[PDB]
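Just below is one structure, and these are the notes that go with it.
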Amino acid sequence: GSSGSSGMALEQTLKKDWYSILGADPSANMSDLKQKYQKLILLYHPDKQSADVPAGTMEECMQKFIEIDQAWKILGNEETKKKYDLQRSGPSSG
(Lines of atoms letter the chains of each structure in order from A and count residues from 1; the text may use other names and numbers.)
(Lines give C-alpha, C1' and ligand atoms only; values in the text may rest on other atoms or scores of the structure.)
Protein backbone atom coordinates (compact mmCIF):
# COMPACT_ATOMS: atom_id res chain seq x y z
CA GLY A 1 0.00 0.00 0.00
CA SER A 2 1.52 3.27 1.20
CA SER A 3 5.01 3.13 -0.30
CA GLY A 4 7.14 6.03 -1.52
CA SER A 5 8.34 8.88 0.69
CA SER A 6 11.55 10.90 0.98
CA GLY A 7 13.62 10.52 4.14
CA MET A 8 16.11 7.65 4.20
CA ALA A 9 19.61 9.06 3.75
CA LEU A 10 21.36 8.43 0.43
CA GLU A 11 24.09 6.13 1.75
CA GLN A 12 25.72 9.28 3.13
CA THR A 13 26.28 8.47 6.81
CA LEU A 14 25.24 6.05 9.54
CA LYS A 15 26.22 3.24 7.17
CA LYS A 16 29.89 2.57 7.90
CA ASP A 17 30.60 0.52 11.03
CA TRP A 18 32.00 3.02 13.52
CA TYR A 19 31.77 0.86 16.64
CA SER A 20 34.36 -1.31 14.89
CA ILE A 21 36.71 1.37 13.57
CA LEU A 22 37.09 2.78 17.08
CA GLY A 23 37.12 -0.67 18.65
CA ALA A 24 34.08 -0.15 20.86
CA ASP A 25 30.68 -1.78 21.37
CA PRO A 26 27.24 -0.69 20.09
CA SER A 27 26.13 -0.65 23.73
CA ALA A 28 28.91 1.53 25.12
CA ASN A 29 28.64 5.08 26.48
CA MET A 30 30.42 8.21 25.25
CA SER A 31 32.95 8.16 28.09
CA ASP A 32 33.87 4.71 26.78
CA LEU A 33 33.77 5.45 23.06
CA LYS A 34 35.76 8.67 23.45
CA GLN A 35 38.49 6.82 25.35
CA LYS A 36 38.89 4.55 22.33
CA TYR A 37 38.81 7.50 19.94
CA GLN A 38 41.48 9.54 21.73
CA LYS A 39 43.81 6.54 22.00
CA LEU A 40 43.17 6.12 18.27
CA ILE A 41 44.05 9.73 17.46
CA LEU A 42 47.73 9.72 18.41
CA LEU A 43 48.42 6.31 16.86
CA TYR A 44 47.81 7.60 13.33
CA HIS A 45 48.39 11.30 13.96
CA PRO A 46 50.37 13.06 11.20
CA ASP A 47 52.37 15.28 13.55
CA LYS A 48 53.29 12.16 15.53
CA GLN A 49 55.09 10.54 12.60
CA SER A 50 58.70 9.75 11.73
CA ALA A 51 60.74 11.16 8.85
CA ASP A 52 62.19 7.66 8.52
CA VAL A 53 58.84 6.27 7.35
CA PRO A 54 58.10 4.86 3.87
CA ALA A 55 55.33 5.97 1.52
CA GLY A 56 53.10 3.02 2.37
CA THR A 57 52.91 3.75 6.09
CA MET A 58 51.99 7.38 5.42
CA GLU A 59 49.17 6.69 2.96
CA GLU A 60 47.93 3.94 5.27
CA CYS A 61 48.06 6.27 8.28
CA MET A 62 45.68 8.73 6.60
CA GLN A 63 43.13 6.06 5.67
CA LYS A 64 42.96 5.24 9.38
CA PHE A 65 43.08 8.76 10.82
CA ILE A 66 40.21 9.62 8.48
CA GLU A 67 37.98 6.70 9.47
CA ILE A 68 38.71 7.46 13.13
CA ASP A 69 37.78 11.12 12.65
CA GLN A 70 34.47 9.90 11.23
CA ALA A 71 33.61 7.19 13.75
CA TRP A 72 33.54 10.06 16.24
CA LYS A 73 31.60 12.51 14.07
CA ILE A 74 28.62 10.26 14.80
CA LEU A 75 29.53 8.81 18.20
CA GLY A 76 30.77 12.19 19.42
CA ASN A 77 27.51 14.12 19.59
CA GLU A 78 24.33 13.22 21.47
CA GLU A 79 21.92 13.36 18.53
CA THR A 80 23.96 11.50 15.93
CA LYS A 81 25.18 8.89 18.42
CA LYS A 82 21.49 8.29 19.14
CA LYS A 83 20.07 8.33 15.62
CA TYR A 84 22.88 5.98 14.60
CA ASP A 85 22.01 3.23 17.08
CA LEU A 86 18.42 3.25 15.80
CA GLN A 87 19.63 3.15 12.20
CA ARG A 88 22.05 0.26 12.67
CA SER A 89 20.66 -3.23 13.27
CA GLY A 90 20.54 -4.89 16.68
CA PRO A 91 20.60 -8.48 17.99
CA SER A 92 17.48 -7.58 19.98
CA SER A 93 14.74 -9.78 18.53
CA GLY A 94 12.46 -12.72 19.27
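1 is the number of the first residue of the sequence shown in the entry's author numbering; add one for each residue after it.
Every residue gets a Cβ at the ideal spot worked out from N, C-alpha and C, and that includes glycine.
Classify residue i as helix, strand or coil using the three-state DSSP reduction.
i: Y44; result: coil
i: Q49; result: coil
i: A28; result: coil
i: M8; result: coil
i: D69; result: helix
i: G56; result: helix
i: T80; result: helix
i: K39; result: helix
i: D17; result: coil
Output yes or no for whether 8 Å exceeds the beta carbon distance between residue i and residue j.
i: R88; j: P46; result: no
i: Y37; j: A71; result: yes
i: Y44; j: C61; result: yes
i: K48; j: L40; result: no
What residues in its chain sit with their C-beta under 7 Å from that of residue i, if we drop five residues either side in the sequence?
i: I21; result: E67, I68, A71
To the nearest whole angstrom, what separates the beta carbons of residue i and residue j, a pair I think is in contact under 8 Å?
i: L75; j: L33; result: 5 Å
Looking only at its own chain, which residues have a Cβ that is under 6 Å from the Cβ of residue i, when we skip the five neighbours before and after it?
i: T80; result: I74
i: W18; result: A71, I74, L75
i: residue 137; result: In the structure displayed, the chain extends from 1 to 94; residue 137 sits before or after that span and is not available.
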